[PDB]
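The structure appears below as structure tokens.
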Amino acid sequence: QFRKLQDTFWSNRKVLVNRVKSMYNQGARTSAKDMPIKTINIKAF
Amino acid sequence: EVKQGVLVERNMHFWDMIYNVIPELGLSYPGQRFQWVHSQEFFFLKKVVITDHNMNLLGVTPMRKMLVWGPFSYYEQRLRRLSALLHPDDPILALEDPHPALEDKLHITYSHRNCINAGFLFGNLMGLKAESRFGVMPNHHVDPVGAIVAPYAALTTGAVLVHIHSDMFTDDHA
Amino acid sequence: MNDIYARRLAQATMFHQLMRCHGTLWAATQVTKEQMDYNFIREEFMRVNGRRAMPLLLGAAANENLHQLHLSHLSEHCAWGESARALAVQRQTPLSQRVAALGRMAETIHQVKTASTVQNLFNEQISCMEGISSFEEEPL
Amino acid sequence: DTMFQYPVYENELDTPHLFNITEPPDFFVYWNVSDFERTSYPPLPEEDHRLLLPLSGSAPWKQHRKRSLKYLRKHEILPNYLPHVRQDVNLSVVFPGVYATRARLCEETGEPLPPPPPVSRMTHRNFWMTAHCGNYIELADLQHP
Amino acid sequence: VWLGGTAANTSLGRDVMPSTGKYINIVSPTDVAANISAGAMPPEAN
Amino acid sequence: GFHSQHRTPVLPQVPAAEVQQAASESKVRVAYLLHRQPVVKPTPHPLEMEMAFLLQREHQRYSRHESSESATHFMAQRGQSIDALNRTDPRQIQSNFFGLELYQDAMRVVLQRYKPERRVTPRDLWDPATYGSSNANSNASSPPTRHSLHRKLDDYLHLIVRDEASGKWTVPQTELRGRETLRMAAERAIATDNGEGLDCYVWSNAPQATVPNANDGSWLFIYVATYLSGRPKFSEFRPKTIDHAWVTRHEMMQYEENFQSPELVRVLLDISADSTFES
Amino acid sequence: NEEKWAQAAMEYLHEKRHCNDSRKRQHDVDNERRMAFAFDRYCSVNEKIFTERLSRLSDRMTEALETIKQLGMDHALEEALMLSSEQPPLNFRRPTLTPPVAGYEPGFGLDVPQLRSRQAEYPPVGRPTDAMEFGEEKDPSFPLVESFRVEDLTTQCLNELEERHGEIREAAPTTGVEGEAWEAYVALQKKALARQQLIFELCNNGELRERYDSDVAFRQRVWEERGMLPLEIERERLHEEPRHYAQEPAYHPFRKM
Amino acid sequence: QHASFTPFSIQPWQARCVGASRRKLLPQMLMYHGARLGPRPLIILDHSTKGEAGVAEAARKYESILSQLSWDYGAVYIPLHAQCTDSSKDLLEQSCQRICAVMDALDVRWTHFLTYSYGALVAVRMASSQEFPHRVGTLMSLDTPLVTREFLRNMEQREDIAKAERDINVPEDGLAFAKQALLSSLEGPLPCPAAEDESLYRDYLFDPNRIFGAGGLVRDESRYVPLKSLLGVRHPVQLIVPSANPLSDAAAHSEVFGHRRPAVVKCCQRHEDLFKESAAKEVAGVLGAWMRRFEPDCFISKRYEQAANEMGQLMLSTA
Amino acid sequence: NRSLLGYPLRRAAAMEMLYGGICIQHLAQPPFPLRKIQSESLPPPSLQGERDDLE
Amino acid sequence: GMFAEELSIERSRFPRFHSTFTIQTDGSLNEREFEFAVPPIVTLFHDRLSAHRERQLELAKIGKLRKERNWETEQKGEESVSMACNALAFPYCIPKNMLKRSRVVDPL
């Protein structure tokens with residue numbers, strides 16, 4: 001259980017930053033509050 | 001145990017053994033007295049009763065000791081409510097068989113009826129009179145001499161059982 | 001046997017700092033009509049000095065600014081810089097911080113791995129303990 | 001440890017630990033054969049109350065009075081068999097107990113053990129041998145006036 | 001989920017143990033009493 | 001751990017254009033008590049040493065990561081490197097810590113050449129013999145010359161001077177002129193009287209202490225500052241210095257007979273720094 | 001290969017809550033109790049002395065300030081009542097294990113210029129007063145700013161602090177000594193902010209000020225409503241508390257042998 | 001390099017660092033063995049002192065050992081008075097405020113101690129008692145027992161017999177038999193390795209007519225120091241054992257003060273052979289090896305040496 | 001009286017606060033306080049309680 | 001938060017610590033501890049007082065070493081503002097009728 005639970009993590013964060021990159025190329029400016037990850041700063045990506 | 005081909009008493013630390021088998025009692029976090037299962041290995045193990053003579057006059061504190069005295073109820077003693085549900089052939093005892101009849105039969109099991117009647121038959125067959133004195137050689141409490149025949153004989157016919165020295169194998173306590 | 005030294009040196013520094021703060025505090029107690037005495041001073045120093053760093057993975061923790069104020073920088077004794085574990089209480093362990101930035105997704109994995117190097121963490125720590133660092137006088 | 005604690009009362013006058021019985025919490029219970037002759041009466045209280053003058057202004061007498069009354073309600077003496085109890089005098093009825101577990105005999109004869117000296121004054125050794133509210137005393141030591 | 005509680009310990013004739021600590025992360029018999037998936041056990045079952 | 005002045009501003013003071021009458025008439029005098037930081041950390045108690053053993057054992061056995069000896073070992077075990085040269089094995093990492101060869105040689109050099117400074121000064125080894133011979137012969141004894149600043153590096157050493165007119169031990173003083181503040185007063189006291197040969201850190205703004213004089217009808221303000229570096233040349237002192245002294249919190253009480261005021265002793269004691277607080 | 005480095009890193013981050021050591025025995029647990037108590041008996045003298053000495057100092061500076069108040073210089077006060085904001089200089093030296101040695105330059109004249117580079121500090125600091133200067137609509141004189149712009153800082157600080165507090169009190173409950181430490185810290189902060197907007201309230205309204213001052217009871221009840229309350233530190237324990245038999249820990253007794 | 005003890009007195013300028021109240025309690029005569037006193041010396045305490053006649057002679061005993069050991073801080077002897085009739089509680093407190101006063105006038109906190117005799121007790125009374133732990137850094141006794149085994153076991157039995165006397169459940173057999181078991185073996189005083197303090201022990205401290213009322217049951221150690229207080233002292237304490245029949249069984253001392261093996265002098269057989277200069281070399285060897293554990297210079301130097309040789313091993317394992 | 005956190009803070013945390021991030025002081029914790037039970041507040045002894053307590 | 005027989009130290013926070021002898025640029029040596037594996041005897045460049053000597057060297061170029069005199073600075077600059085605070089003590093501000101002043105600056 002533990003393994004696949006902790007691998008699903010790295011899977012989904014790389015998926016998340018991917019979709020965030022593809023949301024930043026279309027010009028959409030996303031603030032930090034509406035994101036689920038809120039401490040995330042997209043300028044770092 | 002054998003020193004120089006001669007049988008001598010050793011003092012074995014059984015405590016150490018219990019901690020070998022169940023190492024989890026060594027790891028203590030301050031909720032753990034009340035955790036539901038004490039060893040995830042043997043989950044049926046609940047209390048370990050330590051029987052050792054401590055000669056200090058002060059008893060142990062009431063939380064490491066079980067209450068053995070006085071009335072246990074108000075309205076009726078629950079042991080005699082329970083004894084109605086028990087039947088004489090319900091097994092209570094198990095003894096190791098040094099020479100198992102099959103590979104299967106490990107411990108052979110006795111009932112109320114078995115024990116009481118074994119002791120009564122022995123008691124009757126010899127002869128026994130109230131408070132006549134009748135002895136038992138030690139280390140027989142593991143087989144149906146000290147476990148069954150002797151004390152139930154002493155009970156069924158009024159008699160007085162007597163233990164000799166706690167052990168046998170060494171010449172000195174012979 | 002660091003902390004043993006560190007609380008002695010904190011006792012040393014602390015009243016030296018009282019010397020400069022006493023003006024502000026005595027100014028304050030006249031308006032509030034509070035009592036100026038040891039019991040006030042010590043709970044004054046407590047809020048200045050003791051500041052706990054929290055899990056840092058929370059993000060609500062790493063945002064907390066109230067320990068960074070000007071008075072709180074001036075009245076604080078230096079004891080944290082003498083013992084490594086005191087420093088690790090007030091802030092956290094230098095590596096644990098920079099990886100926590102990666103945890104709260106406030107940094108790229110690469111950017112973290114870059115500066116996470118032992119050599120760096122050494123120098124940042126000694127600089128921090130000694131009172132040497134960089135300011136960007138203009139933040140953002 | 002508020003949720004895990006062994007029960008502790010402040011007055012065992014009911015000898016509650018004999019009736020309400022909680023499992024020893026400890027995983028290792030120590031049980032000899034030597035303790036079958038031990039007698040389990042509750043630890044001696046502070047402020048022994050049997051000596052209290054029942055003045056209507058005194059705090060300890062008031063508090064003990066109302067304790068006893070509550071006990072008398074919980075065992076259903078008070079409303080039931082004894083509808084009106086005006087508690088004025090502080091009563092102590094004591095028995096000359098040896099703290100003997102079962103009934104014994106003489107080794108030299110086989111006679112019943114001789115009647116004990118009637119108790120002159122109240123001592124700490126004498127305390128649980130009295131009649132408080134609801135407590136327990138072995139039958140063996142109630143054998144004499 | 002840490003499974004523990006004072007309900008594992010026998011209590012005779014009145015329960016004087018603190019009531020907040022009985023079942024910890026374990027369903028009480030009161031929880032299975034209110035949740036049973038059958039219904040109306042027959043009058044002969046008394 | 002010192003903070004660096006970061007963006008933090010520092011406000012100067014104002015010599016009010018209004019000239020204060022109470023400054024000219026009723027004498028207000030500003031004295032500065034100068035001390036040096038302890039050069040070394042306090043020599044511990046053996047109790048402290050043993051409880052340090054204890055605490056090291058306990059932290060060591062309850063440490064956040066148990067089996068692993070370090071962060072280095074920890075990341076290494078999982079086959080990953082913290083180091084810049086991406087080395088795994090911790091021992092070869094601490095053999096040359098920085099990958100620089102020049103630093104290696106620096107280390108060899110320091111290895112053979114460096115020896116730790118032995119910490120006690122021959123200054124503070126105290127001899128009862130010649131001293132009790134001088135005190136037996138002259139029948140009167142005054143404390144030995146404290147003129148050395150190197151004397152004992154463990155504690156806070158303060159400054160005490162004696163007036164040539166008074167013949168009594170006292171703090172360095174300066175009278176306060178009209179417009180300037182007390183901070184400025186102490187400042188120009190230390191500055192002018194040491195003639196810009198001192199780096200003097202003044203801790204506070206408001207003065208530390210105050211003593212009354214009925215004879216002079218005046219108030220002295222004692223003021224605390226820390227000596228950093230310089231050459232405290234005492235010839236330049238205007239209020240007539242015979243001798244100076246560098247004095248720990250302890251023996252300021254030794255001077256009470258040749259001190260000018262009984263009040264000034266107690267007060268100077270209360271404002272005096274100490275590295276210990278066992279007294 | 002980077003993400004797995006990150007995995008190991010995170011591994012290093014996470015703290016595990018782990019049991020008492022199985023090698024511990026009774027005698028040594030008890031003698032570390034003993035050691036601890038000895039040490040606190042030792043620090044008693046030190047900290048009580050330190051305490052009353054700090055007290056004496058504050059007394060002296062109090063009677064000094066009231067001295068210059070009484071002498072009648074109202075300027076001297078207000079320039080001595082404003083905090084001296086300059087930190088100890090770079091030649092202010094932390095007391096070190098050993099004395100400095102004779103004529104030692106770094107590496108005995110062996111220079112590695114790589115190592116003498118000055119570097120950044122992390123995390124980059126920022127404080128609630130940074131919005132008040134380096135942001136838009138800065139004030140001409142920053143340390144000198146007029147009242148209401150401080151008041152807004154106060155009222156916003158309470159809100160966001162309380163907010164964060166609730167947040168992390170939910171996320172990560174903490175108890176015992178460090179839990180109590182965190183809680184005491186936050187409580188003290190709230191107390192400070194409260195007293196701040198109190199002194200503002202007492203400054204802009206002189207009426208509530210003189211009613212506040214006129215009596216005693218009003219002061220303390222007002223404190224109560226606004227969250228300003230004394231901090232109770234329970235008394236120093238020199239010895240071992242006598243235990244009832246019920247006072248045992250919630251785990252299995254440490255193994256004697 | 002034999003060097004005697006110079007008599008010495010505290011001068012009035014030094015007497016001001018002692019509070020005006022107890023300024024009466026610092027003595028007239030003192031001594032210094034070496035040329036220099038240092039921040040902290042070796043303070044040597046000894047048996048009761050009547051006049052300075054016996055002081056000069058009692059000096060000679062330690063003269064050899066102290067001469068053999070070179071202590072940069074030298075040493076100080078502080079004489080201790082026999083008794084005073086006025087106050088019954090005067091004794092260990094008089095010696096207390098006395099030692100502390102002398103240390104204050106010499107500007108010394110944190111000091112190593114030495115004792116062959118009653119003084120040892122005094123030193124323990126420092127470390128045991130609250131509010132003078134800070135003054136006594138390290139206690140070393142030569143042969144002087146602070147405790148014996150029988151005090152320990154009999155104290156156990158006393159506590160348990162108290163508890164049980166209060167506890168009703170305990171049968172009268174166990175209690176009576178326990179009381180006979182306590183009276184059958186009663187505590188004799190601590191063995192006295194001093195000629196003149198036998199009077200002090202038998203009369204003042206350990207006399208049976210006072211120390212236990214309800215004789216053999218309740219023992220008031222209030223005159224010396226209770227067992228609990230003793231049982232708490234983690235001040236490092238070194239006991240010295242002659243290699244043949246000693247006093248002061250180290251069993252009890254390793255039980256009470258902590259687990260450490262007492263320094264055992266090979267040369268000696270019994271005590272009184274401790275003050276013979278045949279053994280003074282081993283004695284000073286031990287004393288010195290022990291002093292240097294707590295001296296910052298010495299152990300900082302040492303650990304730096306360890307780290308240095310260590311890095312040396314890394315450098316040679318490099319190539 | 002009242003405190004701002006409503007319970008007396010244990011000395012360990014206090015000293016650990018005013019010497020920043022350091023607890024070498026009181027680490028030996030006093031045992032928790034007792035909760036006494038009223039034995040006469042307990043309900044009257046019941047028969048069914050006695051039948052079924054054994055389960 | 002529960003009663004434990006062991007002494008209560010904050011546990012499972014501080015990862016581990018290896019103490020290290022460190023030689024400051026002034027030749028005195030301290031001992032400080034870190035989380036990773038640190039060699040004994042690390043010789044320290046770029047210390048506090050080294051940075052001080054560097055800043056003194058940099059005040060030598062402009063020749064600003066001399067002094068800064070606040071007392072014989074006679075500046076008449078006076079501005080009376082009605083309501084103003086010291087923002088430099090935020091937790092204790094006070095609303096004083098004040099005197100405006102510039103900060104002392106030393107560019108470097």
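How things are named: the first chain in the structure tokens is A, the next is B, and so on; residues count from 1 in each chain; ligands count from 1 in the order shown.
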
Original post:
Counting only C-alpha atoms, what is within 12 Å of residue J:44, bar same-chain residues fewer than 5 positions away, as a PyMOL selection string?
Top reply: (chain C and resi 122-123+126-127+130) or (chain F and resi 98+103+106-107+110) or (chain G and resi 104-108+110-112+115-116) or (chain J and resi 20-32+49-50)

**OP:** Could you pull out the residues in chain J that DSSP calls strand (DSSP E or B) from the backbone, as an MDAnalysis selection string?
**Re:** chainID J and resid 18:23 29:34 42:43 80:84 96:99

Proximal residues of chain C relative to chain F (only C-alpha atoms; 8 Å) as a PDB file with N, CA and C atoms, in the first residue's frame:
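For reference, iface-v3.pdb as written:
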ATOM      1  N   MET C   1      27.783  20.125  25.222  1.00  0.00           N
ATOM      2  CA  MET C   1      28.095  21.195  26.162  1.00  0.00           C
ATOM      3  C   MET C   1      28.221  22.519  25.439  1.00  0.00           C
ATOM      4  N   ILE C   4      24.949  24.833  27.532  1.00  0.00           N
ATOM      5  CA  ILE C   4      25.375  25.217  28.869  1.00  0.00           C
ATOM      6  C   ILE C   4      26.097  26.561  28.814  1.00  0.00           C
ATOM      7  N   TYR C   5      27.007  26.697  27.851  1.00  0.00           N
ATOM      8  CA  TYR C   5      27.656  27.974  27.576  1.00  0.00           C
ATOM      9  C   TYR C   5      26.634  29.013  27.111  1.00  0.00           C
ATOM     10  N   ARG C   8      24.519  30.845  29.623  1.00  0.00           N
ATOM     11  CA  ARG C   8      25.343  31.761  30.400  1.00  0.00           C
ATOM     12  C   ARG C   8      25.558  33.043  29.604  1.00  0.00           C
ATOM     13  N   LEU C   9      25.854  32.888  28.318  1.00  0.00           N
ATOM     14  CA  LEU C   9      26.129  34.051  27.492  1.00  0.00           C
ATOM     15  C   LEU C   9      24.849  34.797  27.167  1.00  0.00           C
ATOM     16  N   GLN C  11      22.429  35.026  29.446  1.00  0.00           N
ATOM     17  CA  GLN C  11      22.241  35.785  30.681  1.00  0.00           C
ATOM     18  C   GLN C  11      23.107  37.031  30.664  1.00  0.00           C
ATOM     19  N   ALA C  12      24.310  36.891  30.119  1.00  0.00           N
ATOM     20  CA  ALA C  12      25.196  38.034  29.955  1.00  0.00           C
ATOM     21  C   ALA C  12      24.570  39.100  29.047  1.00  0.00           C
ATOM     22  N   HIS C  16      22.223  43.580  29.138  1.00  0.00           N
ATOM     23  CA  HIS C  16      22.757  44.595  28.237  1.00  0.00           C
ATOM     24  C   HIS C  16      21.685  45.051  27.265  1.00  0.00           C
ATOM     25  N   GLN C  17      20.839  44.125  26.828  1.00  0.00           N
ATOM     26  CA  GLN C  17      19.751  44.493  25.927  1.00  0.00           C
ATOM     27  C   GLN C  17      18.614  45.197  26.677  1.00  0.00           C
ATOM     28  N   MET C  19      19.073  47.196  28.905  1.00  0.00           N
ATOM     29  CA  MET C  19      19.550  48.562  29.046  1.00  0.00           C
ATOM     30  C   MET C  19      19.033  49.453  27.920  1.00  0.00           C
ATOM     31  N   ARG C  20      19.029  48.947  26.689  1.00  0.00           N
ATOM     32  CA  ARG C  20      18.516  49.737  25.570  1.00  0.00           C
ATOM     33  C   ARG C  20      16.991  49.715  25.458  1.00  0.00           C
ATOM     34  N   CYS C  21      16.351  48.616  25.853  1.00  0.00           N
ATOM     35  CA  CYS C  21      14.896  48.523  25.688  1.00  0.00           C
ATOM     36  C   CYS C  21      14.103  49.277  26.752  1.00  0.00           C
ATOM     37  N   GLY C  23      13.982  52.096  27.887  1.00  0.00           N
ATOM     38  CA  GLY C  23      13.398  53.363  27.497  1.00  0.00           C
ATOM     39  C   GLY C  23      12.027  53.137  26.900  1.00  0.00           C
ATOM     40  N   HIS C  70      11.707  45.016  14.103  1.00  0.00           N
ATOM     41  CA  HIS C  70      12.935  45.734  14.379  1.00  0.00           C
ATOM     42  C   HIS C  70      13.304  45.647  15.856  1.00  0.00           C
ATOM     43  N   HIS C  73      14.513  42.233  16.782  1.00  0.00           N
ATOM     44  CA  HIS C  73      15.883  41.973  16.359  1.00  0.00           C
ATOM     45  C   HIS C  73      16.888  42.595  17.307  1.00  0.00           C
ATOM     46  N   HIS C  77      18.867  38.281  22.488  1.00  0.00           N
ATOM     47  CA  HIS C  77      20.221  37.823  22.751  1.00  0.00           C
ATOM     48  C   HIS C  77      20.670  36.869  21.654  1.00  0.00           C
ATOM     49  N   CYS C  78      21.977  36.697  21.577  1.00  0.00           N
ATOM     50  CA  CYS C  78      22.604  35.997  20.479  1.00  0.00           C
ATOM     51  C   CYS C  78      22.734  34.497  20.730  1.00  0.00           C
ATOM     52  N   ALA C  79      22.184  34.020  21.847  1.00  0.00           N
ATOM     53  CA  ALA C  79      22.430  32.649  22.319  1.00  0.00           C
ATOM     54  C   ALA C  79      22.174  31.585  21.256  1.00  0.00           C
ATOM     55  N   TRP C  80      21.267  31.896  20.341  1.00  0.00           N
ATOM     56  CA  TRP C  80      20.898  30.984  19.270  1.00  0.00           C
ATOM     57  C   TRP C  80      22.056  30.658  18.337  1.00  0.00           C
ATOM     58  N   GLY C  81      23.015  31.569  18.240  1.00  0.00           N
ATOM     59  CA  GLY C  81      24.110  31.419  17.302  1.00  0.00           C
ATOM     60  C   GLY C  81      25.279  30.662  17.885  1.00  0.00           C
ATOM     61  N   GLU C  82      25.284  30.510  19.203  1.00  0.00           N
ATOM     62  CA  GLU C  82      26.327  29.739  19.861  1.00  0.00           C
ATOM     63  C   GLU C  82      26.071  28.238  19.821  1.00  0.00           C
ATOM     64  N   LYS C 113      18.368  21.346  -4.972  1.00  0.00           N
ATOM     65  CA  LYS C 113      19.527  20.457  -5.019  1.00  0.00           C
ATOM     66  C   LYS C 113      20.818  21.241  -5.203  1.00  0.00           C
ATOM     67  N   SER C 116      21.725  22.954  -1.859  1.00  0.00           N
ATOM     68  CA  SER C 116      21.627  22.022  -0.735  1.00  0.00           C
ATOM     69  C   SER C 116      22.973  21.391  -0.402  1.00  0.00           C
ATOM     70  N   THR C 117      23.959  21.651  -1.254  1.00  0.00           N
ATOM     71  CA  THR C 117      25.321  21.148  -1.100  1.00  0.00           C
ATOM     72  C   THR C 117      25.927  21.430   0.276  1.00  0.00           C
ATOM     73  N   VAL C 118      26.571  20.416   0.858  1.00  0.00           N
ATOM     74  CA  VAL C 118      27.164  20.506   2.195  1.00  0.00           C
ATOM     75  C   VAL C 118      28.026  21.750   2.395  1.00  0.00           C
ATOM     76  N   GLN C 119      28.889  21.999   1.415  1.00  0.00           N
ATOM     77  CA  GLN C 119      29.810  23.128   1.426  1.00  0.00           C
ATOM     78  C   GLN C 119      29.073  24.430   1.660  1.00  0.00           C
ATOM     79  N   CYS C 128      25.656  33.125   9.111  1.00  0.00           N
ATOM     80  CA  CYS C 128      24.442  33.441   9.865  1.00  0.00           C
ATOM     81  C   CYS C 128      24.718  33.591  11.364  1.00  0.00           C
ATOM     82  N   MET C 129      25.478  32.654  11.917  1.00  0.00           N
ATOM     83  CA  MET C 129      25.896  32.719  13.313  1.00  0.00           C
ATOM     84  C   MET C 129      26.695  33.982  13.610  1.00  0.00           C
ATOM     85  N   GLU C 130      27.525  34.398  12.660  1.00  0.00           N
ATOM     86  CA  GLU C 130      28.449  35.498  12.915  1.00  0.00           C
ATOM     87  C   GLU C 130      27.859  36.885  12.690  1.00  0.00           C
ATOM     88  N   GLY C 131      26.726  36.955  12.000  1.00  0.00           N
ATOM     89  CA  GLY C 131      26.115  38.236  11.702  1.00  0.00           C
ATOM     90  C   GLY C 131      26.562  38.817  10.376  1.00  0.00           C
ATOM     91  N   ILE C 132      27.006  37.947   9.481  1.00  0.00           N
ATOM     92  CA  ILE C 132      27.381  38.349   8.136  1.00  0.00           C
ATOM     93  C   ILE C 132      26.449  37.711   7.121  1.00  0.00           C
ATOM     94  N   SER C 133      25.908  38.518   6.223  1.00  0.00           N
ATOM     95  CA  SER C 133      25.003  38.004   5.204  1.00  0.00           C
ATOM     96  C   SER C 133      24.800  39.043   4.114  1.00  0.00           C
ATOM     97  N   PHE C 135      22.075  41.647   2.210  1.00  0.00           N
ATOM     98  CA  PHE C 135      20.761  42.269   2.168  1.00  0.00           C
ATOM     99  C   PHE C 135      20.487  42.666   0.740  1.00  0.00           C
ATOM    100  N   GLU C 137      18.417  45.508  -0.279  1.00  0.00           N
ATOM    101  CA  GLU C 137      17.748  46.570   0.450  1.00  0.00           C
ATOM    102  C   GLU C 137      16.364  46.789  -0.141  1.00  0.00           C
TER     103      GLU C 137
END

Subject >> chain I contacts to chain B at 8 Å (only C-alpha atoms) as a ChimeraX atom specification >> reply: /I:45-47,50-51

**OP:** Would you give me, as a list in words, the residues of chain A that come within 12 Å of chain G, using only C-alpha atoms?
**Re:**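 Going by the stated atoms only, the list reads residues 6, 7, 9, 10, 11, 13 and 14 of chain A.
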
**OP:** Would you please give, as a list in words, all residues of chain I that DSSP assigns to alpha helix (DSSP H) based on the backbone?
**Re:** residues 11, 12, 13, 14, 15, 16, 17, 18, 47, 48, 49, 50, 51 and 52 of chain I
